[PDB]
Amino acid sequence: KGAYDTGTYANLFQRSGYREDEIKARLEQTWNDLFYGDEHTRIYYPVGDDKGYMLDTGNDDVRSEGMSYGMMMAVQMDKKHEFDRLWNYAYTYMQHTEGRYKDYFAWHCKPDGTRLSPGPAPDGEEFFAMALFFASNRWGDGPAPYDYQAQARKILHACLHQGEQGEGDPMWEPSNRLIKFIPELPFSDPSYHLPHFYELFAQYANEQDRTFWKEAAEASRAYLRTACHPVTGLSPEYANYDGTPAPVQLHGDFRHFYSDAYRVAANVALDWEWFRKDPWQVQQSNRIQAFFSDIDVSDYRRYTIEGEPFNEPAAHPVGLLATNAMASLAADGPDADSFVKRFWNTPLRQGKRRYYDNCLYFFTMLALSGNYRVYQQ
């Protein structure tokens, strides 16, 4: 039985020997540094009395990924003021009110809120929806736009039914119940598959969609079994509906193990912790940890999914270490305990490239301390 059923969350820092007091203080200090820390560390920026944004420091823009991530961190840390500032920014600047992307979020904008491209990123929408559901269950709905439950249901309605509103496209392929890379293209991104959120969407979404969301959960668990390499546990950034690496795209080669794919190990580990439904998840977690067991974080490269290293370094090696450590929620192999310790002894990244590493870092600090939880009712 998973944490969803028992209400009990594994505290791997505690199982590993760290003191309860040290752990809570470490989690609180990670929060403080990321949202209120110095100019070289923080990724959160207040705007006026009622807005705020998560900065992709590397790309000097605001992404629906980072906004939705900041809202999830805020609600897991019971930080309503920051949650509300981030949501208000997303609601005000990013969410489309009309046209083919109505109720979707523009995937990126300038920090001042000027939209840069209208197209959405589905991993944004699914985190917004999950964070808003948790906000409703934790704090209760307020007047619009802080009517969190209805806001979540509106996003997930468009996610399944955009094709019916007019000229747009849904973010899930109805034929196979799989999340797409973008609404228009017939392939996926394995790091976007969050079967554990789809279980909760099957409880909290519009009644007419609950059957679909339950099928989506089972379809996504099956899909990650097809996308992950059976020796190395590595996955491609973009994958076909059959799990094989998708073709090279006009904007680059996403066939290999790089930044997006790091989140797969994290996502499978949290589904195991919450729902304990697919025991392949334990072996997948053991495999990826075995793959990285004897590789220094400063040596992390881009890899083919069969594990052939490129000369090129990982752009986000702290992010990769974080997802590898988060796999300890599921792994029972000889490497779980050492990745937990390696992570504990790793500080937040600083400087221009810090955004992505520090997002993945925080989700791991939450998870390994037993604080990445389902908020029900």
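In case it trips you up, residue 1 is the first one in the sequence shown, and so on.
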Residue stretch of maximal mean CA temperature factor, 322-330 vs 307-315:
307-315
Looking at the deposited entry, does 118-126 or 290-298 carry the larger mean Cα B-factor?
290-298
Would you mind checking where the Cα B-factor of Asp56 ranks among the modelled residues of its chain, as the lowest, middle or highest third?
middle
Sorting the chain's CA B-factors, does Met365 end up in the lowest, middle or highest third?
middle
For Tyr238, does the deposited CA B-factor place it in the lowest, middle or highest third of the chain?
lowest
Position of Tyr204 among the chain's modelled residues by C-alpha B-factor, lowest, middle or highest third
highest
Pull the Cα B-factor of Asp147 out of the PDB entry and bin it into the chain's lowest, middle or highest third.
middle
